[PDB]
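Content type compact mmCIF, N, CA and C atoms, from the file model16.txt:
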```txt
# COMPACT_ATOMS: atom_id res chain seq x y z
N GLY A 1 -146.99 -98.92 -93.92
CA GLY A 1 -147.69 -99.94 -93.16
C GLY A 1 -146.76 -100.75 -92.28
N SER A 2 -146.88 -100.56 -90.97
CA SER A 2 -146.03 -101.28 -90.02
C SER A 2 -146.73 -101.40 -88.67
N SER A 3 -146.07 -102.08 -87.73
CA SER A 3 -146.63 -102.28 -86.40
C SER A 3 -145.61 -101.91 -85.32
N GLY A 4 -146.10 -101.64 -84.12
CA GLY A 4 -145.22 -101.28 -83.02
C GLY A 4 -144.49 -102.48 -82.45
N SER A 5 -143.86 -103.25 -83.33
CA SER A 5 -143.12 -104.44 -82.90
C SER A 5 -141.69 -104.41 -83.44
N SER A 6 -140.86 -105.32 -82.94
CA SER A 6 -139.47 -105.39 -83.37
C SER A 6 -139.36 -105.79 -84.84
N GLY A 7 -138.32 -105.30 -85.50
CA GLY A 7 -138.13 -105.62 -86.91
C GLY A 7 -137.44 -104.50 -87.66
N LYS A 8 -138.23 -103.54 -88.14
CA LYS A 8 -137.69 -102.41 -88.88
C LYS A 8 -136.78 -101.56 -88.00
N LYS A 9 -137.25 -101.25 -86.80
CA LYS A 9 -136.47 -100.45 -85.86
C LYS A 9 -135.19 -101.17 -85.45
N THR A 10 -134.27 -100.43 -84.85
CA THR A 10 -133.00 -100.99 -84.42
C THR A 10 -132.42 -100.21 -83.24
N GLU A 11 -132.35 -100.86 -82.08
CA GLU A 11 -131.82 -100.23 -80.88
C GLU A 11 -130.33 -100.51 -80.73
N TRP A 12 -129.56 -99.47 -80.44
CA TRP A 12 -128.12 -99.60 -80.27
C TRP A 12 -127.77 -100.03 -78.85
N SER A 13 -126.53 -100.46 -78.65
CA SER A 13 -126.08 -100.90 -77.33
C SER A 13 -124.80 -100.18 -76.93
N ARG A 14 -124.54 -100.12 -75.63
CA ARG A 14 -123.35 -99.46 -75.11
C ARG A 14 -122.13 -99.77 -75.98
N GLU A 15 -122.01 -101.03 -76.38
CA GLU A 15 -120.89 -101.46 -77.22
C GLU A 15 -120.91 -100.75 -78.57
N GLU A 16 -122.05 -100.84 -79.26
CA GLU A 16 -122.20 -100.20 -80.56
C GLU A 16 -121.91 -98.70 -80.47
N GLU A 17 -122.28 -98.10 -79.34
CA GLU A 17 -122.07 -96.68 -79.13
C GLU A 17 -120.59 -96.37 -78.96
N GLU A 18 -120.00 -96.88 -77.88
CA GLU A 18 -118.59 -96.66 -77.60
C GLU A 18 -117.77 -96.67 -78.89
N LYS A 19 -117.89 -97.75 -79.66
CA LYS A 19 -117.17 -97.88 -80.91
C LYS A 19 -117.58 -96.80 -81.90
N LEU A 20 -118.85 -96.42 -81.86
CA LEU A 20 -119.37 -95.39 -82.75
C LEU A 20 -118.66 -94.06 -82.52
N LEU A 21 -118.63 -93.62 -81.26
CA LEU A 21 -117.98 -92.36 -80.91
C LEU A 21 -116.52 -92.36 -81.37
N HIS A 22 -115.88 -93.52 -81.30
CA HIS A 22 -114.48 -93.65 -81.71
C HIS A 22 -114.35 -93.48 -83.22
N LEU A 23 -115.04 -94.33 -83.97
CA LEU A 23 -115.00 -94.28 -85.43
C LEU A 23 -115.45 -92.91 -85.94
N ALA A 24 -116.67 -92.53 -85.59
CA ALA A 24 -117.22 -91.25 -86.01
C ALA A 24 -116.16 -90.15 -85.93
N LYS A 25 -115.44 -90.10 -84.81
CA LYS A 25 -114.40 -89.10 -84.61
C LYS A 25 -113.23 -89.35 -85.55
N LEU A 26 -112.84 -90.61 -85.69
CA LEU A 26 -111.73 -90.98 -86.56
C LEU A 26 -111.98 -90.51 -88.00
N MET A 27 -113.12 -90.92 -88.55
CA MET A 27 -113.48 -90.54 -89.91
C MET A 27 -114.94 -90.10 -89.98
N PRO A 28 -115.19 -88.82 -89.64
CA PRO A 28 -116.54 -88.25 -89.66
C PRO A 28 -117.08 -88.08 -91.08
N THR A 29 -116.22 -88.33 -92.06
CA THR A 29 -116.61 -88.20 -93.46
C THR A 29 -116.47 -89.53 -94.19
N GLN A 30 -116.42 -90.62 -93.43
CA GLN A 30 -116.28 -91.95 -94.01
C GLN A 30 -117.37 -92.88 -93.47
N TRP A 31 -118.57 -92.34 -93.29
CA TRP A 31 -119.69 -93.13 -92.79
C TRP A 31 -119.88 -94.39 -93.61
N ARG A 32 -119.67 -94.28 -94.92
CA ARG A 32 -119.82 -95.42 -95.82
C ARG A 32 -118.87 -96.54 -95.44
N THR A 33 -117.81 -96.20 -94.72
CA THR A 33 -116.82 -97.18 -94.29
C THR A 33 -117.08 -97.64 -92.86
N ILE A 34 -117.46 -96.69 -92.01
CA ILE A 34 -117.74 -97.00 -90.61
C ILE A 34 -118.98 -97.88 -90.48
N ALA A 35 -119.93 -97.70 -91.40
CA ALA A 35 -121.16 -98.49 -91.38
C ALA A 35 -120.86 -99.98 -91.34
N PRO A 36 -120.14 -100.47 -92.36
CA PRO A 36 -119.77 -101.88 -92.47
C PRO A 36 -118.74 -102.29 -91.42
N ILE A 37 -118.12 -101.30 -90.78
CA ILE A 37 -117.12 -101.56 -89.76
C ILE A 37 -117.76 -101.69 -88.38
N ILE A 38 -119.00 -101.22 -88.27
CA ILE A 38 -119.73 -101.29 -87.01
C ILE A 38 -120.88 -102.28 -87.09
N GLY A 39 -121.52 -102.35 -88.26
CA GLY A 39 -122.63 -103.26 -88.45
C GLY A 39 -123.86 -102.57 -88.99
N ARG A 40 -124.04 -101.31 -88.62
CA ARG A 40 -125.19 -100.53 -89.08
C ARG A 40 -124.87 -99.79 -90.37
N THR A 41 -125.90 -99.22 -90.99
CA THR A 41 -125.73 -98.49 -92.24
C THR A 41 -125.19 -97.09 -91.98
N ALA A 42 -124.66 -96.46 -93.03
CA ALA A 42 -124.11 -95.11 -92.92
C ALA A 42 -125.11 -94.17 -92.26
N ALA A 43 -126.33 -94.15 -92.77
CA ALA A 43 -127.38 -93.30 -92.22
C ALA A 43 -127.65 -93.62 -90.76
N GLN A 44 -127.73 -94.91 -90.45
CA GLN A 44 -127.98 -95.35 -89.08
C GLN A 44 -126.87 -94.90 -88.15
N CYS A 45 -125.63 -95.07 -88.59
CA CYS A 45 -124.47 -94.68 -87.79
C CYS A 45 -124.47 -93.18 -87.52
N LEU A 46 -124.58 -92.39 -88.59
CA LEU A 46 -124.59 -90.94 -88.47
C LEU A 46 -125.79 -90.47 -87.65
N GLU A 47 -126.97 -90.97 -88.00
CA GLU A 47 -128.19 -90.60 -87.29
C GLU A 47 -128.05 -90.86 -85.79
N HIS A 48 -127.65 -92.08 -85.44
CA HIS A 48 -127.48 -92.46 -84.04
C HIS A 48 -126.39 -91.62 -83.39
N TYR A 49 -125.22 -91.58 -84.02
CA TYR A 49 -124.09 -90.82 -83.49
C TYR A 49 -124.53 -89.41 -83.09
N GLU A 50 -124.91 -88.62 -84.08
CA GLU A 50 -125.35 -87.25 -83.83
C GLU A 50 -126.31 -87.19 -82.64
N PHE A 51 -127.28 -88.11 -82.63
CA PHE A 51 -128.26 -88.16 -81.55
C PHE A 51 -127.57 -88.26 -80.19
N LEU A 52 -126.50 -89.04 -80.13
CA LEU A 52 -125.75 -89.22 -78.89
C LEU A 52 -125.20 -87.89 -78.39
N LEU A 53 -124.52 -87.17 -79.27
CA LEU A 53 -123.94 -85.88 -78.92
C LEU A 53 -124.95 -85.02 -78.16
N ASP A 54 -126.14 -84.87 -78.73
CA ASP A 54 -127.19 -84.08 -78.10
C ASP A 54 -127.66 -84.72 -76.80
N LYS A 55 -127.89 -86.03 -76.84
CA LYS A 55 -128.33 -86.76 -75.66
C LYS A 55 -127.40 -86.52 -74.48
N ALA A 56 -126.10 -86.55 -74.75
CA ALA A 56 -125.10 -86.33 -73.71
C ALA A 56 -125.27 -84.95 -73.07
N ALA A 57 -125.35 -83.93 -73.91
CA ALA A 57 -125.52 -82.56 -73.43
C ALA A 57 -126.71 -82.45 -72.49
N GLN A 58 -127.86 -82.95 -72.94
CA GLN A 58 -129.08 -82.91 -72.14
C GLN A 58 -128.83 -83.46 -70.74
N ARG A 59 -128.12 -84.58 -70.67
CA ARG A 59 -127.82 -85.22 -69.39
C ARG A 59 -127.61 -84.17 -68.30
N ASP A 60 -128.29 -84.35 -67.18
CA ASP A 60 -128.18 -83.42 -66.06
C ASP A 60 -126.73 -82.98 -65.86
N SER A 61 -125.82 -83.95 -65.88
CA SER A 61 -124.40 -83.66 -65.69
C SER A 61 -124.01 -82.37 -66.39
N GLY A 62 -123.60 -81.38 -65.61
CA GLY A 62 -123.20 -80.10 -66.17
C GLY A 62 -121.98 -80.21 -67.05
N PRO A 63 -121.94 -79.39 -68.12
CA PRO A 63 -120.82 -79.38 -69.07
C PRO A 63 -119.54 -78.81 -68.46
N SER A 64 -118.42 -79.04 -69.13
CA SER A 64 -117.13 -78.55 -68.65
C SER A 64 -116.69 -77.32 -69.44
N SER A 65 -116.99 -76.14 -68.91
CA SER A 65 -116.63 -74.89 -69.56
C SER A 65 -115.27 -75.01 -70.26
N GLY A 66 -115.31 -75.16 -71.58
CA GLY A 66 -114.08 -75.29 -72.34
C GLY A 66 -114.19 -74.70 -73.73
```
Once you've parsed the file, please lay out its structure as structure tokens.
Amino acid sequence: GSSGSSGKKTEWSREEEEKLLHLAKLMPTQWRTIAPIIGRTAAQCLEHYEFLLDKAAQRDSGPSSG
């Protein structure tokens, strides 16, 4: 039981992201630590992070054959 209003949901910001990509890469197996280091929960950090990776690819910007 919920409503389409602010509260349960949580939108990230350029800042939260930038730092996320950094930490995530630093310790991809320490979400339990990055969570409290960023502000969001382990699940939130991982969930959001992973989402970014895919989001980036989708971006029209063509990938760099590597």
Please indicate the distance in Å from atom N of residue 14 of chain A to atom CA of residue 44 of chain A, rounded to one decimal place.
14.7 Å
Which neighbours of residue 46 of chain A fall inside 12 Å, counting only C-alpha atoms, when residues of the same chain fewer than 5 positions from it are skipped, and could you give them as a VMD selection string?
chain A and resid 17 20 to 21 23 to 25 27 to 35 38 40 to 41 51 to 53
Can you write out the residues you just picked, keeping N, CA and C atoms, as a PDB file, in the frame of the given file?
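The resulting file, again16.pdb, is reproduced below:
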```pdb
ATOM      1  N   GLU A  17    -122.280 -98.100 -79.340  1.00  0.00           N
ATOM      2  CA  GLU A  17    -122.070 -96.680 -79.130  1.00  0.00           C
ATOM      3  C   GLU A  17    -120.590 -96.370 -78.960  1.00  0.00           C
ATOM      4  N   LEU A  20    -118.850 -96.420 -81.860  1.00  0.00           N
ATOM      5  CA  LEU A  20    -119.370 -95.390 -82.750  1.00  0.00           C
ATOM      6  C   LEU A  20    -118.660 -94.060 -82.520  1.00  0.00           C
ATOM      7  N   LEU A  21    -118.630 -93.620 -81.260  1.00  0.00           N
ATOM      8  CA  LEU A  21    -117.980 -92.360 -80.910  1.00  0.00           C
ATOM      9  C   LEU A  21    -116.520 -92.360 -81.370  1.00  0.00           C
ATOM     10  N   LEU A  23    -115.040 -94.330 -83.970  1.00  0.00           N
ATOM     11  CA  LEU A  23    -115.000 -94.280 -85.430  1.00  0.00           C
ATOM     12  C   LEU A  23    -115.450 -92.910 -85.940  1.00  0.00           C
ATOM     13  N   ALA A  24    -116.670 -92.530 -85.590  1.00  0.00           N
ATOM     14  CA  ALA A  24    -117.220 -91.250 -86.010  1.00  0.00           C
ATOM     15  C   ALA A  24    -116.160 -90.150 -85.930  1.00  0.00           C
ATOM     16  N   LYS A  25    -115.440 -90.100 -84.810  1.00  0.00           N
ATOM     17  CA  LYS A  25    -114.400 -89.100 -84.610  1.00  0.00           C
ATOM     18  C   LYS A  25    -113.230 -89.350 -85.550  1.00  0.00           C
ATOM     19  N   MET A  27    -113.120 -90.920 -88.550  1.00  0.00           N
ATOM     20  CA  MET A  27    -113.480 -90.540 -89.910  1.00  0.00           C
ATOM     21  C   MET A  27    -114.940 -90.100 -89.980  1.00  0.00           C
ATOM     22  N   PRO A  28    -115.190 -88.820 -89.640  1.00  0.00           N
ATOM     23  CA  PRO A  28    -116.540 -88.250 -89.660  1.00  0.00           C
ATOM     24  C   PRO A  28    -117.080 -88.080 -91.080  1.00  0.00           C
ATOM     25  N   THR A  29    -116.220 -88.330 -92.060  1.00  0.00           N
ATOM     26  CA  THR A  29    -116.610 -88.200 -93.460  1.00  0.00           C
ATOM     27  C   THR A  29    -116.470 -89.530 -94.190  1.00  0.00           C
ATOM     28  N   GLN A  30    -116.420 -90.620 -93.430  1.00  0.00           N
ATOM     29  CA  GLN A  30    -116.280 -91.950 -94.010  1.00  0.00           C
ATOM     30  C   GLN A  30    -117.370 -92.880 -93.470  1.00  0.00           C
ATOM     31  N   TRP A  31    -118.570 -92.340 -93.290  1.00  0.00           N
ATOM     32  CA  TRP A  31    -119.690 -93.130 -92.790  1.00  0.00           C
ATOM     33  C   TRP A  31    -119.880 -94.390 -93.610  1.00  0.00           C
ATOM     34  N   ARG A  32    -119.670 -94.280 -94.920  1.00  0.00           N
ATOM     35  CA  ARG A  32    -119.820 -95.420 -95.820  1.00  0.00           C
ATOM     36  C   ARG A  32    -118.870 -96.540 -95.440  1.00  0.00           C
ATOM     37  N   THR A  33    -117.810 -96.200 -94.720  1.00  0.00           N
ATOM     38  CA  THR A  33    -116.820 -97.180 -94.290  1.00  0.00           C
ATOM     39  C   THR A  33    -117.080 -97.640 -92.860  1.00  0.00           C
ATOM     40  N   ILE A  34    -117.460 -96.690 -92.010  1.00  0.00           N
ATOM     41  CA  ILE A  34    -117.740 -97.000 -90.610  1.00  0.00           C
ATOM     42  C   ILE A  34    -118.980 -97.880 -90.480  1.00  0.00           C
ATOM     43  N   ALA A  35    -119.930 -97.700 -91.400  1.00  0.00           N
ATOM     44  CA  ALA A  35    -121.160 -98.490 -91.380  1.00  0.00           C
ATOM     45  C   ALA A  35    -120.860 -99.980 -91.340  1.00  0.00           C
ATOM     46  N   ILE A  38    -119.000-101.220 -88.270  1.00  0.00           N
ATOM     47  CA  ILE A  38    -119.730-101.290 -87.010  1.00  0.00           C
ATOM     48  C   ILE A  38    -120.880-102.280 -87.090  1.00  0.00           C
ATOM     49  N   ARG A  40    -124.040-101.310 -88.620  1.00  0.00           N
ATOM     50  CA  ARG A  40    -125.190-100.530 -89.080  1.00  0.00           C
ATOM     51  C   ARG A  40    -124.870 -99.790 -90.370  1.00  0.00           C
ATOM     52  N   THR A  41    -125.900 -99.220 -90.990  1.00  0.00           N
ATOM     53  CA  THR A  41    -125.730 -98.490 -92.240  1.00  0.00           C
ATOM     54  C   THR A  41    -125.190 -97.090 -91.980  1.00  0.00           C
ATOM     55  N   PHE A  51    -127.280 -88.110 -82.630  1.00  0.00           N
ATOM     56  CA  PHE A  51    -128.260 -88.160 -81.550  1.00  0.00           C
ATOM     57  C   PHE A  51    -127.570 -88.260 -80.190  1.00  0.00           C
ATOM     58  N   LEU A  52    -126.500 -89.040 -80.130  1.00  0.00           N
ATOM     59  CA  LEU A  52    -125.750 -89.220 -78.890  1.00  0.00           C
ATOM     60  C   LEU A  52    -125.200 -87.890 -78.390  1.00  0.00           C
ATOM     61  N   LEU A  53    -124.520 -87.170 -79.270  1.00  0.00           N
ATOM     62  CA  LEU A  53    -123.940 -85.880 -78.920  1.00  0.00           C
ATOM     63  C   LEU A  53    -124.950 -85.020 -78.160  1.00  0.00           C
TER      64      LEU A  53
END
```
Interatomic distance (Å, one decimal) between atom C of residue 6 of chain A and atom CA of residue 50 of chain A:
23.3 Å
Segment 4-45 of chain A: which residues are alpha helix (DSSP H) by DSSP, as a list in words?
residues 14, 15, 16, 17, 18, 19, 20, 21, 22, 23, 24, 25, 26, 31, 32, 33, 34, 35, 36, 37, 38, 42, 43, 44 and 45 of chain A
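One distance worth recording is that between atom C of residue 15 of chain A and atom N of residue 2 of chain A, which is 28.8 Å.
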